[PDB]
Every structure is written in C-alpha cells, then in structure tokens.
>>> print(open('protein38.json').read())   # JSON, C-alpha atoms
[["chain", "number", "residue", "atom", "x", "y", "z"],
["J", 1, "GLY", "CA", -69.19, -32.88, 1.96],
["J", 2, "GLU", "CA", -67.99, -34.77, -1.13],
["J", 3, "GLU", "CA", -64.99, -36.49, 0.51],
["J", 4, "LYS", "CA", -65.36, -39.47, -1.91],
["J", 5, "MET", "CA", -62.60, -40.40, -4.37],
["J", 6, "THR", "CA", -60.81, -43.25, -6.26],
["J", 7, "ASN", "CA", -57.37, -44.84, -5.65],
["J", 8, "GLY", "CA", -55.71, -42.13, -7.79],
["J", 9, "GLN", "CA", -57.57, -39.18, -6.33],
["J", 10, "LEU", "CA", -57.01, -40.50, -2.74],
["J", 11, "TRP", "CA", -53.31, -41.33, -3.22],
["J", 12, "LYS", "CA", -52.68, -37.83, -4.71],
["J", 13, "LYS", "CA", -53.99, -36.25, -1.44],
["J", 14, "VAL", "CA", -51.54, -38.63, 0.38],
["J", 15, "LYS", "CA", -48.70, -37.65, -2.06],
["J", 16, "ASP", "CA", -48.98, -33.85, -2.06],
["J", 17, "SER", "CA", -48.47, -33.89, 1.73],
["J", 18, "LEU", "CA", -44.89, -35.14, 1.19],
["J", 19, "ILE", "CA", -44.43, -32.40, -1.48],
["J", 20, "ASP", "CA", -45.09, -29.75, 1.22],
["J", 21, "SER", "CA", -42.60, -31.65, 3.39],
["J", 22, "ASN", "CA", -38.97, -32.25, 2.30],
["J", 23, "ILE", "CA", -39.29, -36.07, 2.15],
["J", 24, "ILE", "CA", -39.63, -36.58, -1.66],
["J", 25, "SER", "CA", -38.63, -34.64, -4.80],
["J", 26, "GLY", "CA", -41.80, -35.58, -6.72],
["J", 27, "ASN", "CA", -39.75, -36.93, -9.67],
["J", 28, "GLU", "CA", -40.22, -39.99, -11.91],
["J", 29, "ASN", "CA", -37.64, -41.74, -9.64],
["J", 30, "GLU", "CA", -39.73, -42.22, -6.43],
["J", 31, "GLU", "CA", -42.77, -44.56, -5.97],
["J", 32, "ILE", "CA", -45.18, -44.88, -3.01],
["J", 33, "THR", "CA", -47.42, -47.90, -2.39],
["J", 34, "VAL", "CA", -50.13, -46.55, 0.00],
["J", 35, "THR", "CA", -52.34, -49.25, 1.54],
["J", 36, "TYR", "CA", -55.75, -48.17, 2.91],
["J", 37, "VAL", "CA", -59.06, -49.82, 3.93],
["J", 38, "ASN", "CA", -62.76, -48.95, 3.52],
["J", 39, "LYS", "CA", -65.81, -49.40, 5.79],
["J", 40, "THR", "CA", -65.63, -53.07, 4.77],
["J", 41, "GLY", "CA", -62.63, -55.27, 5.68],
["J", 42, "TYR", "CA", -61.03, -54.84, 2.20],
["J", 43, "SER", "CA", -57.49, -53.49, 2.07],
["J", 44, "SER", "CA", -56.21, -51.90, -1.17],
["J", 45, "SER", "CA", -52.64, -50.87, -2.07],
["J", 46, "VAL", "CA", -52.07, -48.13, -4.69],
["J", 47, "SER", "CA", -48.52, -47.71, -6.09],
["J", 48, "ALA", "CA", -47.54, -44.69, -8.24],
["J", 49, "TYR", "CA", -44.61, -42.38, -9.02],
["J", 50, "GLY", "CA", -43.94, -38.81, -7.94],
["J", 51, "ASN", "CA", -44.06, -37.14, -11.30],
["J", 52, "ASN", "CA", -47.63, -36.31, -12.49],
["J", 53, "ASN", "CA", -50.97, -37.18, -10.84],
["J", 54, "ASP", "CA", -52.17, -40.71, -10.24],
["J", 55, "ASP", "CA", -55.14, -42.24, -12.05],
["J", 56, "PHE", "CA", -54.79, -45.89, -13.21],
["J", 57, "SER", "CA", -57.74, -47.51, -11.37],
["J", 58, "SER", "CA", -61.56, -47.10, -11.25],
["J", 59, "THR", "CA", -61.83, -48.23, -7.58],
["J", 60, "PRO", "CA", -64.81, -47.58, -5.22],
["J", 61, "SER", "CA", -65.12, -44.63, -2.81],
["J", 62, "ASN", "CA", -65.99, -46.46, 0.42],
["J", 63, "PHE", "CA", -62.84, -44.88, 2.05],
["J", 64, "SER", "CA", -62.90, -44.90, 5.86],
["J", 65, "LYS", "CA", -59.47, -45.89, 7.25],
["J", 66, "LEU", "CA", -55.76, -46.27, 6.57],
["J", 67, "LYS", "CA", -53.17, -49.05, 6.57],
["J", 68, "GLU", "CA", -49.36, -48.98, 6.05],
["J", 69, "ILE", "CA", -47.28, -47.37, 3.28],
["J", 70, "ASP", "CA", -44.33, -48.79, 1.37],
["J", 71, "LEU", "CA", -41.91, -46.17, 0.06],
["J", 72, "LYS", "CA", -39.23, -46.33, -2.70],
["J", 73, "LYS", "CA", -36.67, -43.79, -3.99],
["J", 74, "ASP", "CA", -33.95, -44.12, -6.65],
["J", 75, "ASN", "CA", -30.46, -42.57, -6.67],
["J", 76, "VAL", "CA", -31.56, -38.94, -6.59],
["J", 77, "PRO", "CA", -29.91, -36.18, -8.73],
["J", 78, "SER", "CA", -28.20, -32.98, -7.46],
["J", 79, "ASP", "CA", -31.43, -31.04, -6.64],
["J", 80, "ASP", "CA", -32.37, -33.12, -3.62],
["J", 81, "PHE", "CA", -29.18, -35.23, -3.29],
["J", 82, "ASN", "CA", -28.10, -33.56, -0.02],
["J", 83, "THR", "CA", -31.62, -33.65, 1.42],
["J", 84, "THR", "CA", -32.14, -34.85, 4.97],
["J", 85, "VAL", "CA", -35.13, -34.42, 7.27],
["J", 86, "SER", "CA", -35.21, -33.50, 10.97],
["J", 87, "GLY", "CA", -37.15, -36.73, 11.88],
["J", 88, "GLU", "CA", -39.91, -34.96, 13.77],
["J", 89, "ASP", "CA", -40.09, -32.61, 10.73],
["J", 90, "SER", "CA", -40.64, -35.63, 8.43],
["J", 91, "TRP", "CA", -43.71, -36.64, 10.53],
["J", 92, "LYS", "CA", -44.94, -33.02, 11.15],
["J", 93, "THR", "CA", -45.77, -31.58, 7.69],
["J", 94, "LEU", "CA", -46.90, -35.05, 6.48],
["J", 95, "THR", "CA", -49.48, -35.45, 9.26],
["J", 96, "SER", "CA", -50.30, -31.67, 9.11],
["J", 97, "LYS", "CA", -51.30, -32.15, 5.41],
["J", 98, "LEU", "CA", -53.57, -35.26, 5.73],
["J", 99, "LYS", "CA", -56.39, -34.15, 8.11],
["J", 100, "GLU", "CA", -56.98, -31.34, 5.54],
["J", 101, "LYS", "CA", -58.56, -34.04, 3.34],
["J", 102, "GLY", "CA", -59.87, -36.12, 6.30],
["J", 103, "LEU", "CA", -57.16, -38.76, 5.59],
["J", 104, "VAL", "CA", -56.26, -39.37, 9.24],
["J", 105, "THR", "CA", -58.47, -39.98, 12.31],
["J", 106, "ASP", "CA", -58.05, -38.08, 15.59],
["J", 107, "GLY", "CA", -55.54, -40.22, 17.50],
["J", 108, "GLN", "CA", -53.89, -42.49, 14.86],
["J", 109, "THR", "CA", -50.33, -43.53, 15.70],
["J", 110, "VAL", "CA", -48.40, -42.91, 12.41],
["J", 111, "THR", "CA", -44.91, -44.52, 12.80],
["J", 112, "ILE", "CA", -41.97, -43.72, 10.43],
["J", 113, "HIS", "CA", -38.68, -45.70, 10.32],
["J", 114, "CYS", "CA", -35.30, -44.66, 8.88],
["J", 115, "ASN", "CA", -33.07, -47.42, 7.44],
["J", 116, "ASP", "CA", -29.74, -45.59, 7.10],
["J", 117, "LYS", "CA", -27.18, -47.79, 5.30],
["J", 118, "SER", "CA", -24.18, -45.47, 5.74],
["J", 119, "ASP", "CA", -22.79, -45.65, 9.30],
["J", 120, "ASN", "CA", -24.91, -48.49, 10.72],
["J", 121, "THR", "CA", -27.86, -46.47, 12.09],
["J", 122, "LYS", "CA", -31.68, -46.99, 12.03],
["J", 123, "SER", "CA", -34.52, -45.47, 14.11],
["J", 124, "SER", "CA", -38.22, -44.58, 14.09],
["J", 125, "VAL", "CA", -40.46, -41.64, 15.14],
["J", 126, "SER", "CA", -44.04, -41.76, 16.50],
["J", 127, "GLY", "CA", -46.82, -39.55, 17.93],
["J", 128, "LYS", "CA", -50.65, -39.13, 17.66],
["J", 129, "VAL", "CA", -52.73, -36.98, 15.32],
["J", 130, "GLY", "CA", -52.73, -33.58, 17.04],
["J", 131, "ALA", "CA", -49.99, -34.03, 19.66],
["J", 132, "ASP", "CA", -46.23, -33.69, 19.37],
["J", 133, "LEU", "CA", -43.92, -36.68, 19.28],
["J", 134, "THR", "CA", -43.57, -38.81, 22.42],
["J", 135, "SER", "CA", -41.06, -41.04, 20.50],
["J", 136, "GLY", "CA", -38.38, -40.10, 17.95],
["J", 137, "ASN", "CA", -37.92, -36.31, 18.03],
["J", 138, "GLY", "CA", -34.76, -34.18, 18.44],
["J", 139, "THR", "CA", -32.87, -36.10, 15.68],
["J", 140, "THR", "CA", -32.35, -36.02, 11.84],
["J", 141, "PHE", "CA", -32.22, -38.75, 9.13],
["J", 142, "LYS", "CA", -31.46, -38.83, 5.39],
["J", 143, "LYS", "CA", -34.17, -38.57, 2.74],
["J", 144, "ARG", "CA", -32.86, -41.46, 0.63],
["J", 145, "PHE", "CA", -32.97, -43.95, 3.59],
["J", 146, "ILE", "CA", -36.55, -43.37, 4.87],
["J", 147, "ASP", "CA", -38.40, -46.40, 3.42],
["J", 148, "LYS", "CA", -40.95, -47.98, 5.85],
["J", 149, "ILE", "CA", -44.08, -46.38, 7.37],
["J", 150, "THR", "CA", -46.86, -48.14, 9.32],
["J", 151, "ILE", "CA", -49.87, -46.99, 11.34],
["J", 152, "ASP", "CA", -51.17, -48.53, 14.59]]
>>> encode(input="protein38.json", output="structure tokens")
Amino acid sequence: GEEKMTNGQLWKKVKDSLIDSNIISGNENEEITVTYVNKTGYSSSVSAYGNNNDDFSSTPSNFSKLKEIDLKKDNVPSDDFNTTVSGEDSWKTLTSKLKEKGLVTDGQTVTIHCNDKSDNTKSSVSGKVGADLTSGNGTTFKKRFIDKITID
C-alpha cells in the first residue's frame, strides 16, 4: 500500500474521475482548484488545467481527508458545447472513480451545485459514499454551469 502522493499526483486522481464522467472536456480551457487536508489541520488547494497532467508542487504526502473544490470552465468549443449531465450522473461516475484511489471515506456527503444562468435556475445534488442520492436526482443540468462543489 503506497497510497502516498504529491499535490499533482493527488489532483490527477481527482481529475481523471471527471474524464470518465461527462463533466469536463479535459482541455486547456477548464481549471479545478481542489482543496484537501492531511492528518494535521493544514488545508491545501491545488489549481490546474484539464490538458496534460499536474505537477507544479513538491508538497508532502500526509493525505488523509478532503475539503471543497472550486471549478472553472471557459466558453467551450463544438466538441462538448452541447454537453449536459443528468445531475445524479454528474455525482455518480465522479464518486465511483475516487474510492478507487482511496480519495473518499465511507460516508462522506459530496454536494454539487449547478448555477445555470440561462432561464433563472439553480440546484444541488447530494448523497453518501456508497448509497444513491437522497437529494437532487431525477433531473439534468448543463456542463458549463456546474461550478461549486463542497463536502460535509
């Protein structure tokens, strides 16, 4: 068990989740600031773009826990321009990709907003690690307008 890694190597394992899902293109036009915390009370944000891997820090490998995420996307080109996500779906694959690398704990409440600035609509979805969604599901939201994620 060599589940120790840097900012870059951690954040990659928290990026490639969203690649499996339909939430990001993985272009040079999306950035994700993932905040996490170690055994000690020290938070750490790591902010990087969806082209390439991330490695711009030589940070310690005391990883133990998570904190929020801040999300950013530009005006996306044709490939992914129509992309929307079935709300539940945009929590499902994401969470289903993180325990693979031990990057959630067994009951965390991962909460995802949508901030749609089209027809005056916003919402959120929420569940636990392992269950299905007791809040949010049965609905769909646009890719470009999902930009705020927190954990309990």
>>> closest_residue(input="protein38.json", among="J:147, J:30, J:68, J:55", to="residue 116 (chain J)", atoms="only C-alpha atoms")
J:147
>>> atom_distance(input="protein38.json", atom1="CA of residue 97 (chain J)", atom2="CA of residue 17 (chain J)")
5.0 Å
>>> closest_residue(input="protein38.json", among="J:21, J:64, J:139, J:27", to="residue 40 (chain J)", atoms="all atoms listed in the file")
J:64
>>> closest_atom_pairs(input="protein38.json", of="region 20-64 of chain J", to="region 86-92 of chain J", cutoff="12 Å", atoms="all atoms listed in the file", output="tab-separated table")
residue	atom	partner	partner_atom	distance
J:20	CA	J:90	CA	10.3
J:21	CA	J:90	CA	6.7
J:22	CA	J:90	CA	7.2
J:23	CA	J:90	CA	6.4
J:24	CA	J:90	CA	10.2
>>> closest_residue(input="protein38.json", among="J:121, J:25, J:126, J:7", to="residue 95 (chain J)", atoms="only C-alpha atoms")
J:126
>>> closest_atom_pairs(input="protein38.json", of="region 56-121 of chain J", to="region 128-137 of chain J", cutoff="8 Å", atoms="only C-alpha atoms", output="CSV")
residue,atom,partner,partner_atom,distance
J:87,CA,J:137,CA,6.2
J:88,CA,J:137,CA,4.9
J:95,CA,J:129,CA,7.0
J:104,CA,J:129,CA,7.4
J:105,CA,J:129,CA,7.1
J:106,CA,J:129,CA,5.4
J:107,CA,J:129,CA,4.8
J:108,CA,J:128,CA,5.4
J:109,CA,J:128,CA,4.8
J:110,CA,J:128,CA,6.8
>>> build_atoms(input="protein38.json", residues="region 86-98 of chain J", atoms="N, CA and C atoms", output="compact mmCIF listing (two decimals), in the frame of the given file")
# COMPACT_ATOMS: atom_id res chain seq x y z
N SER J 86 -35.40 -33.60 9.53
CA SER J 86 -35.21 -33.50 10.97
C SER J 86 -36.23 -34.34 11.76
N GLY J 87 -36.45 -35.59 11.31
CA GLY J 87 -37.15 -36.73 11.88
C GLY J 87 -38.59 -36.45 12.29
N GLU J 88 -38.72 -35.67 13.35
CA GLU J 88 -39.91 -34.96 13.77
C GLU J 88 -40.50 -34.25 12.55
N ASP J 89 -39.70 -33.40 11.90
CA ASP J 89 -40.09 -32.61 10.73
C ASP J 89 -40.73 -33.49 9.66
N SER J 90 -40.16 -34.67 9.43
CA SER J 90 -40.64 -35.63 8.43
C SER J 90 -41.87 -36.45 8.86
N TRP J 91 -42.41 -36.18 10.05
CA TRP J 91 -43.71 -36.64 10.53
C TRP J 91 -44.68 -35.45 10.59
N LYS J 92 -44.19 -34.26 10.95
CA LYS J 92 -44.94 -33.02 11.15
C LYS J 92 -45.72 -32.63 9.90
N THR J 93 -45.08 -32.11 8.85
CA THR J 93 -45.77 -31.58 7.69
C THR J 93 -46.69 -32.64 7.08
N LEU J 94 -46.20 -33.88 6.96
CA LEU J 94 -46.90 -35.05 6.48
C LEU J 94 -48.24 -35.16 7.19
N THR J 95 -48.24 -35.31 8.52
CA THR J 95 -49.48 -35.45 9.26
C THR J 95 -50.33 -34.17 9.15
N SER J 96 -49.69 -32.99 9.21
CA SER J 96 -50.30 -31.67 9.11
C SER J 96 -50.97 -31.43 7.74
N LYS J 97 -50.71 -32.27 6.74
CA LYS J 97 -51.30 -32.15 5.41
C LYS J 97 -52.44 -33.14 5.16
N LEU J 98 -52.62 -34.17 6.00
CA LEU J 98 -53.57 -35.26 5.73
C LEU J 98 -54.97 -35.00 6.29
